[PDB]
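To keep things clear, I will list the structure first and then write my remarks on it.
Number of protein chains: 2
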Amino acid sequence: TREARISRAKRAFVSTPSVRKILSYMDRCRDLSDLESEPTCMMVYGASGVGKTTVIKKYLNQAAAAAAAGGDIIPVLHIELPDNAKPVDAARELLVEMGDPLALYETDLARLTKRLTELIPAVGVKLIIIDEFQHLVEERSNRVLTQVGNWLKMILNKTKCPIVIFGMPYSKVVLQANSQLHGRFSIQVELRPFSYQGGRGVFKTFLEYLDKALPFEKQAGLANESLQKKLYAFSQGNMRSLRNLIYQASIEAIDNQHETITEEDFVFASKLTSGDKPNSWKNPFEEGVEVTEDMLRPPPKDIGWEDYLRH
Amino acid sequence: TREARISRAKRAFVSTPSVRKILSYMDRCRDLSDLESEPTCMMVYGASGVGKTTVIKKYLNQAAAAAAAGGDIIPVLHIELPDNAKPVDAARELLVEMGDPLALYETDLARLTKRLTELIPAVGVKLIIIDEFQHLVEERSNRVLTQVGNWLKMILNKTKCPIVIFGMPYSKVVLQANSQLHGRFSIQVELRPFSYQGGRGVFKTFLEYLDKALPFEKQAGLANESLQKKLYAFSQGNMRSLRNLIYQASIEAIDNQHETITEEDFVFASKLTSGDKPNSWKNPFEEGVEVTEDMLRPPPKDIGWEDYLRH
Ligand SMILES: Nc1ncnc2c1ncn2[C@@H]1O[C@H](COP(=O)(O)OP(=O)(O)OP(=O)(O)O)[C@@H](O)[C@H]1O
Ligand SMILES: Nc1ncnc2c1ncn2[C@@H]1O[C@H](COP(=O)(O)OP(=O)(O)OP(=O)(O)O)[C@@H](O)[C@H]1O
Numbered sequence: 004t005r006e007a008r009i010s011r012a013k014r015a016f017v018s019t020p021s022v023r024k025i026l027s028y029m030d031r032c033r034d035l036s037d038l039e040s041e042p043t044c045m046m047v048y049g050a051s052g053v054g055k056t057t058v059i060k061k062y063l064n065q066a067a068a069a070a071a072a073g074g075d076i077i078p079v080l081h082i083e084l085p086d087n088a089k090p091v092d093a094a095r096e097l098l099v100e101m102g103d104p105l106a107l108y109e110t111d112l113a114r115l116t117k118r119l120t121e122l123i124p125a126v127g128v129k130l131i132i133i134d135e136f137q138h139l140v141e142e143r144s145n146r147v148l149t150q151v152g153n154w155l156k157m158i159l160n161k162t163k164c165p166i167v168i169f170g171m172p173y174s175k176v177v178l179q180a181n182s183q184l185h186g187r188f189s190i191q192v193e194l195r196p197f198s199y200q201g202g203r204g205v206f207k208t209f210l211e212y213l214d215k216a217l218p219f220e221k222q223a224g225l226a227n228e229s230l231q232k233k234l235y236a237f238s239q240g241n242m243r244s245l246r247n248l249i250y251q252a253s254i255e256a257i258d259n260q261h262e263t264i265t266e267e268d269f270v271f272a273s274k275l276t277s278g279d280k281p282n283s284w285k286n287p288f289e290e291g292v293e294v295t296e297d298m299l300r301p302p303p304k305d306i307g308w309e310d311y312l313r314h
Numbered sequence: 004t005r006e007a008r009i010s011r012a013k014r015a016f017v018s019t020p021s022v023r024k025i026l027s028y029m030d031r032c033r034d035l036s037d038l039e040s041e042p043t044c045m046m047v048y049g050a051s052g053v054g055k056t057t058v059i060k061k062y063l064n065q066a067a068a069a070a071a072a073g074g075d076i077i078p079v080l081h082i083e084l085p086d087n088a089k090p091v092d093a094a095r096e097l098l099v100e101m102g103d104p105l106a107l108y109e110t111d112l113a114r115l116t117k118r119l120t121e122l123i124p125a126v127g128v129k130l131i132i133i134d135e136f137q138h139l140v141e142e143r144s145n146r147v148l149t150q151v152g153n154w155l156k157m158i159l160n161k162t163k164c165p166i167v168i169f170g171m172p173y174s175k176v177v178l179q180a181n182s183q184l185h186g187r188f189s190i191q192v193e194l195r196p197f198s199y200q201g202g203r204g205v206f207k208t209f210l211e212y213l214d215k216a217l218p219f220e221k222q223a224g225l226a227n228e229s230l231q232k233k234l235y236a237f238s239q240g241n242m243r244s245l246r247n248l249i250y251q252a253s254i255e256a257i258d259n260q261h262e263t264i265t266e267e268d269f270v271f272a273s274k275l276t277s278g279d280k281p282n283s284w285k286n287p288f289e290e291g292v293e294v295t296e297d298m299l300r301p302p303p304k305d306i307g308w309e310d311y312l313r314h
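So the protein sequences, as listed, match chains A and G.
Residues 4 to 314 (the authors' numbering) make up the first sequence, in order.
Residues 4 to 314 (the authors' numbering) make up the second sequence, in order.
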């Protein structure tokens, strides 16, 4: 098995230009906010499985590895909002995250704000990052709760720490609720999936950078004339499922004697990870499924919005 | 009676490949976690009576027999969470378990964390194992409490000891509560019951290894053409009830003159241990009950989830 090759095949990262555009903007946000005056407050979108958490873990690596190895400073922070977040609920988890506090046996929402606003200059927080903004909409109706939104405006105007919010593409109507939240968050971006399969794409260079990143030491055989056809036939532009199927083929090749990912084990990888796909999506690998041109069609605009049509 | 034969008939263990897969993964977790950097933190599932406690007692035998006979080291630990566990409640029982402390007349949850984090390198804990993770969901509603979850993340990030959590299959939504708990627990497995009765199963080899493991010195007569039919008719794939009925037949055979388990005393064993079964489950042994093919049907996916539908 040689589990080093397995973990080294799973932990692989390809920097598409949108990702480095993002990380450049967050360093821009980090040492552009001067902690004297009003911050910049970027907002990042992206659908399910487009690489968001990988982006922020890249960011806390390249921004906080040496400063977390040096001492208890914690300049950048990483937060997910729990579902249907009460303002005291999000505030207390954001508080027990940073520092070494006890911090949550009292739930009073004024005195823990006191403790968090005295601690946010005490350890020297350079940036606060929130992962999951779509948790503030109701399940069965599309009312949105902005107790946490006005609380986040309060902690923004209290201490001038920059905030970078990630979230689903349907989570922006929450920002359409509070207009002061809408104006305070100026930079919204678009981390949409891979667009086309027609040729000379960013998809190409991503694919062959992943190919040299793979643990097989000669060639992976991928990013070819017909392979990206069935690859884009399998995953829409969907980064998580593409990488998942690729990893599930790579483990199958390293289970036995195999020199590269080839045409006997990539099929069984299509057999496993075909579960999340819809019924009208077509299964292209086993016996005779040639792929029409309309099925490599680019992803629509409401690609991170199908959590929202039904209600 | 000859109670040696009774205890030697009760304490019998058959290593199906999923069990040795597990124990290989926990030795992998034990001396893969280096106690310098971030651990691996496996999670194990399994329904009621699938052999979990037997697996961990096998593990503390084969991992800690000689080191517990040598001195007070206690490298591996065994913990069950009490029901509706307060963080101080789970922490104090995890504390009085290891070492020889007094440890629970104070319930302060900061200073006992102090004592436990100075003691976890003092005795040299190699691994902490928790049995019962399903105790953190509410009875009447499906709110889950994650005071203990964030406390377990705290003790995970404080000292870098690997943690192996066992639990019910419906207990994974608790891990879906905290996303940092979800990401910190990477390896989740599937200890599901025995799948089919159709032939050439793992069930076969398990059955005849149990047959040679039985105290009768010629043959047990089991694992035959028609016996596994009524065996899988009695127990679904359910290891506890299968082993229980087998033991209740073996005691009945050794109560009087009997040379093997046979067709007069195995019936009375079906008479006793038919209580836990549902009403629509069919009782197949007494007079004329031939078993249809649909009743050897494989167990469903929500087989460890019927504690969860009603609320
Ligand atoms: N730039 C990249 N290069 C290689 N693999 C990537 C890249 N970005 C993401 N992946 C893969 O995609 C998978 C999904 O990542 P991630 O969870 O960050 O997406 P996401 O949009 O945050 O999904 P979710 O929002 O549901 O968490 C990861 O397992 C990772 O291996
Ligand atoms: N590999 C095995 N070989 C033989 N017997 C076994 C094996 N595994 C389990 N058993 C039998 O199954 C019974 C139930 O064991 P165990 O309690 O570990 O299951 P469990 O899933 O932990 O149940 P619970 O979770 O309710 O404690 C035991 O009495 C044991 O005799």
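Quick reminder that beta carbons are idealized off the backbone N, C-alpha and C, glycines included.
{"query": "Closer than 5 Å from C-beta to any heavy atom of ligand 1: which residues, in chain order?", "result": "A:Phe16, A:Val17, A:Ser51, A:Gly52, A:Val53, A:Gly54, A:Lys55, A:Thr56, A:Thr57, A:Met242, A:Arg243 and A:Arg246"}
{"query": "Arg5 of chain A and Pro218 of chain A: beta carbons closer than 7 Å?", "result": "no"}
{"query": "Would you say the stretch 77 to 84 of chain G touches the stretch 119 to 132 of chain G, given that touching needs at least three Cβ pairs under 8 Å?", "result": "yes"}
{"query": "When you compare the CB of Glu142 of chain A with every CB in chain G, is at least one pair closer than 7 Å?", "result": "no"}
{"query": "Compute the Euclidean distance between the alpha carbons of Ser182 of chain A and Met157 of chain A, then round it to the nearest angstrom.", "result": "14 Å"}
{"query": "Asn241 of chain G and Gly52 of chain G - do their beta-carbons sit closer together than 7 Å?", "result": "yes"}
{"query": "So, at 6 Å on beta carbons, what are the nonlocal neighbours of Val177 of chain A in its own chain, with the 5 sequence-adjacent residues on each side left out?", "result": "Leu139 and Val147"}
{"query": "Could you tell me the alpha carbon to alpha carbon distance between residue 317 of chain G and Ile82 of chain G, rounded to whole angstroms?", "result": "Because chain G is modelled from 4 through 314, residue 317 of chain G falls outside the range shown and cannot be assessed."}
{"query": "Nearest CA to the CA of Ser174 of chain A: which residue from A:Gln137, A:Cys164 and A:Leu115?", "result": "A:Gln137"}
{"query": "Just reading off the beta strand (DSSP E) that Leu178 of chain G is part of, what are its end residues?", "result": "Careful: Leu178 of chain G lies outside any beta strand (DSSP E), inside the alpha helix (DSSP H) at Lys175 to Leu178."}
{"query": "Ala15 of chain G and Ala226 of chain G: beta carbons closer than 7 Å?", "result": "no"}
{"query": "Along the stretch 69 to 100 of chain A, where does the CB come closer than 9 Å to a CB of chain G? Name the residues.", "result": "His81, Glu83, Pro85, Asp86, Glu96, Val99 and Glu100"}
{"query": "Quick one: what does DSSP say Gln222 of chain A is sitting in, helix, strand or coil?", "result": "coil"}
{"query": "Check the C-beta distance from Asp310 of chain G over to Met171 of chain G and give it rounded, since I have them as a contact under 8 Å.", "result": "7 Å"}
{"query": "Put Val128 of chain G into one of helix, strand or coil per three-state DSSP.", "result": "coil"}
{"query": "Would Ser21 of chain G pass as an interface residue toward chain A - the criterion being a Cβ-Cβ separation below 7 Å?", "result": "no"}
{"query": "Closest by CA to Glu39 of chain G, which one among G:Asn247, G:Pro124, G:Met298 and G:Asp214?", "result": "G:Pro124"}
{"query": "Just to make sure I have the definition right: I need the residues of chain G whose C-beta is within less than 7 Å of the C-beta of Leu184 of chain A. Which are they?", "result": "Within 7 Å Cβ-Cβ: nothing; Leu184 of chain A doesn't reach chain G, min ~23 Å."}
{"query": "Are any of the Cβ atoms in chain G nearer than 7 Å to that of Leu63 of chain A?", "result": "no"}
{"query": "Name the one or two DSSP bridge partners that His81 of chain A has.", "result": "A:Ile132"}
{"query": "Could you give the C-beta distance for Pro90 of chain A and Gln179 of chain A, rounded to a whole number, given that I count them as a contact under 8 Å?", "result": "At roughly 19 Å, the Cβ-Cβ gap does not stay under 8 Å, so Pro90 of chain A and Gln179 of chain A are not in contact."}
{"query": "Which residue marks the beginning of the beta strand (DSSP E) containing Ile166 of chain G, and which one marks its end?", "result": "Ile166 to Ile168"}
{"query": "Could you list which residues in chain G have their beta carbon closer than 9 Å to that of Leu122 of chain A, in chain order?", "result": "In chain order: nothing, as chain G lies at least about 17 Å away."}
{"query": "Below 6 Å CB to CB, which residues in the same chain sit around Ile168 of chain G once its five sequence neighbours on both sides are set aside?", "result": "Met46, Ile133 and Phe136"}
{"query": "List the whole-angstrom C-beta distance separating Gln260 of chain G from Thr276 of chain G, where the pair is believed to meet the contact cut-off of C-beta under 8 Å.", "result": "Contact doesn't hold; Cβ gap of about 23 Å is too wide."}
{"query": "When burial is assigned at 16 or more other CB atoms within 10 Å of the CB, is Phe188 of chain G buried or exposed?", "result": "buried"}
{"query": "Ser273 of chain A to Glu290 of chain A, Cα distance in whole Å?", "result": "12 Å"}
{"query": "Here's the rule: buried if 16 or more other CB atoms are within 10 angstroms of the residue's CB, otherwise exposed. What is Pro42 of chain A?", "result": "buried"}
{"query": "List, in order along the chain, the chain A residues whose C-beta lies closer than 7 Å to that of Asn145 of chain G?", "result": "The premise fails here: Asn145 of chain G is roughly 13 Å from chain A at the closest Cβ pair, so nothing lies under 7 Å."}
{"query": "Buried or exposed for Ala50 of chain A, going by 16 or more other Cβ atoms inside 10 Å?", "result": "buried"}
{"query": "For the alpha helix (DSSP H) containing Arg31 of chain A, list its first residue and its last residue.", "result": "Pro20 to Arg33"}
{"query": "Anyone know if the C-beta pair for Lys161 of chain A and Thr120 of chain A falls short of 7 Å?", "result": "yes"}
{"query": "Are there 16 or more other CB atoms within 10 angstroms of the CB of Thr116 of chain G, so buried, or fewer, so exposed?", "result": "buried"}
{"query": "Hey, is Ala12 of chain G's beta-carbon within less than 7 Å of any beta-carbon in chain A?", "result": "no"}
{"query": "Mapping DSSP to helix, strand and coil, what is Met46 of chain G?", "result": "strand"}
{"query": "Start and end of the alpha helix (DSSP H) containing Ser244 of chain G?", "result": "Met242 to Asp258"}
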